[PDB]
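Engineer:
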Amino acid sequence: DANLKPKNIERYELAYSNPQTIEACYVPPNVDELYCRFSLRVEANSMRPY
Amino acid sequence: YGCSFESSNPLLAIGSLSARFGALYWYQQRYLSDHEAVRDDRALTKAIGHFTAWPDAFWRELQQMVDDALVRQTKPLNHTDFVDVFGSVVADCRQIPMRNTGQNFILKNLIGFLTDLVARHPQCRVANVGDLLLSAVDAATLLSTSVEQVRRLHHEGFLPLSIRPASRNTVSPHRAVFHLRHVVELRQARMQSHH
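Just so you know, the sequences run in chain order F and I. Count along the first sequence from 1, add 50, and you get the number used in the deposited numbering. Count along the second sequence from 1, add 205, and you get the number used in the deposited numbering.
1) Going along the chain, which residues of the stretch 248-279 of chain I sit with their C-beta nearer than 7 Å to a C-beta in chain F?
2) Just to make sure I have the definition right: I need the residues of chain I whose C-beta is within less than 7 Å of the C-beta of residue 63 of chain F. Which are they?
3) Below 8 Å, how does it come out for the stretch 333-340 of chain I and the stretch 283-291 of chain I: are there three or more Cβ pairs, yes or no?
4) Below 8 Å, can you find three or more Cβ-Cβ pairs linking the stretch 357-373 of chain I to the stretch 314-326 of chain I?
5) Between the beta-carbon of residue 282 of chain I and the beta-carbon of residue 323 of chain I, is there less than 8 Å?
6) Kindly give me the distance between the Cβ atoms of residue 331 of chain I and residue 271 of chain I, rounded to whole angstroms, as I take these residues to be in contact under 8 Å.
7) Please give me, in chain order, every unbroken run of the alpha helix (DSSP H) with length at least 4 that falls completely inside the stretch 240-314 of chain I.
8) Strictly below 8 Å CB to CB, what residues from chain F border residue 346 of chain I?
9) Do we get a CB-CB distance below 8 Å when we pair residue 366 of chain I with the residues of chain F?
10) Check each candidate in I/276, I/249, I/307 and I/383 and name the one with the smallest Cα separation from residue 216 of chain I.
11) Contact between the stretch 229-237 of chain I and the stretch 247-262 of chain I is defined here as three or more beta-carbon pairs at a separation below 8 Å; is this criterion met?
12) Tell me which residues of the stretch 370-397 of chain I have at least one Cβ-Cβ distance to chain F shorter than 9 Å, keeping chain order.
13) Is the stretch 290-303 of chain I close to the stretch 257-274 of chain I, with three or more CB pairs under 8 Å?
14) For chain F, is any of its Cβ atoms less than 8 Å away from the one on residue 284 of chain I?
15) Residue 73 of chain F CB to nearest chain I CB: under 8 Å?
16) Can you find a C-beta in chain I that's less than 8 Å from the C-beta of residue 83 of chain F?
17) From the DSSP output, in three-state form, read off residue 342 of chain I for me.
18) Considering only C-alpha positions, which residue in the set I/228, I/319 and I/392 is nearest to residue 265 of chain I?
19) Are any of the Cβ atoms in chain F nearer than 8 Å to that of residue 360 of chain I?
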């Protein structure tokens, strides 16, 4: 509590876990390489105010 | 009025007067359950003979109730309270006012027995005697120390807690929570003294 009083919590009460639900992503076994792709367009559009 | 004894073979024949008084008080509640009939002489007169084979009889009294308790079992033993089998024989050790083992001979024999009991029943897949639960006030008695010291001993990790309590709560001194075999071993390991 505001780095002042440490809270009343009994010793055993912090040995408990905190469960959570998460999403995650891993490369599956035996894949040799991963690919990533995207496209890019460029326009000469700074010459004049929209 | 005084002691004045020699060739004191019985466990009731040695010591300071306060101990000699306490031993009689204990005998009386435990074996003279009959209501007072002011047989002040005769009622107590028998206590001396009783103690003459003590080193070998007390254990049988304790053994008898291990078996009679066992055949009435309703739960697996590792969730059974120590008290359900031995009937507070431990608390009675507190009627003699001295704390250390070398003077309080009633406690000395009870511990002797429990150490042997654990020794002949090692851990395996099915639970057995020796896994019974003790409360905080019971370890304090067997370990010859006050209760607050047990809390300190728990906090440093010298012994495990077996029952998980709910949150925002506390475990009271009367709650049964340590295994017998854990207390017997810890005492041999780090509680001995010259007493």
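Virtual Cβ for every residue (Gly too), placed ideally from N, Cα, C.
Structural biologist: Reading it off the structure:
1) none
2) 372
3) yes
4) no
5) no
6) Not confirmed; about 17 Å, so no contact.
7) 247-250, 252-255, 263-275 and 287-291
8) Near residue 346 of chain I there are no residues of chain F at all, since even the closest Cβ is about 23 Å away, more than 8 Å.
9) yes
10) I/307
11) yes
12) 370, 372, 373, 374, 375 and 376
13) yes
14) no
15) no
16) no
17) helix
18) I/319
19) yes
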